[PDB]
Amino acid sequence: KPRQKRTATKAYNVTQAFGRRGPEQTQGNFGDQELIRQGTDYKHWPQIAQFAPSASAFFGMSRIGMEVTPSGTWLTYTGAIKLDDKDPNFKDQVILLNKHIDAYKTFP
């Protein structure tokens, strides 16, 4: 599948599908070791995926651009998704997301 359509699982994990996590621009930085190994099989995946955009919202919310560079033509995207401060589960949603953001710094 094209990269953007891949679904990571235990059989095809986040590193396999999307590369090692790291700090570089355009390199993914999200996932602790458990999520990296399990992808969508991770047992708290639904609580992560509630923040992922639909295809319509991806194109509706984001700033989209196109860059032609020596490596190819790239669709660029930026945006932000607001957590619901009134959701009783808000504090747990913050904990969960923070557990994965830049987790790779703490392990080889």
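Start at 1 with the first residue shown and count on from there. What we label the rigid core is the largest C-alpha set whose atoms superpose within 1.5 Å from one form to the other.
With 53-61 and 68-76 as candidates, the stretch whose CA atoms show the greater average offset from this form in 9 other deposited structures of this protein after a core fit is 68-76. In 9 other deposited structures of this protein, superposed by the rigid core, the C-alpha atoms of 20-28 lie farther from the shown form than the other of 88-96 and 20-28.
Higher average CA B factor: 22-30, of the stretches 72-80 and 22-30.
When the C-alpha B-factors of 63-71 and 47-55 are averaged, 63-71 comes out higher. The PDB entry assigns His100 a C-alpha temperature factor belonging to the lowest third of its chain's modelled residues.
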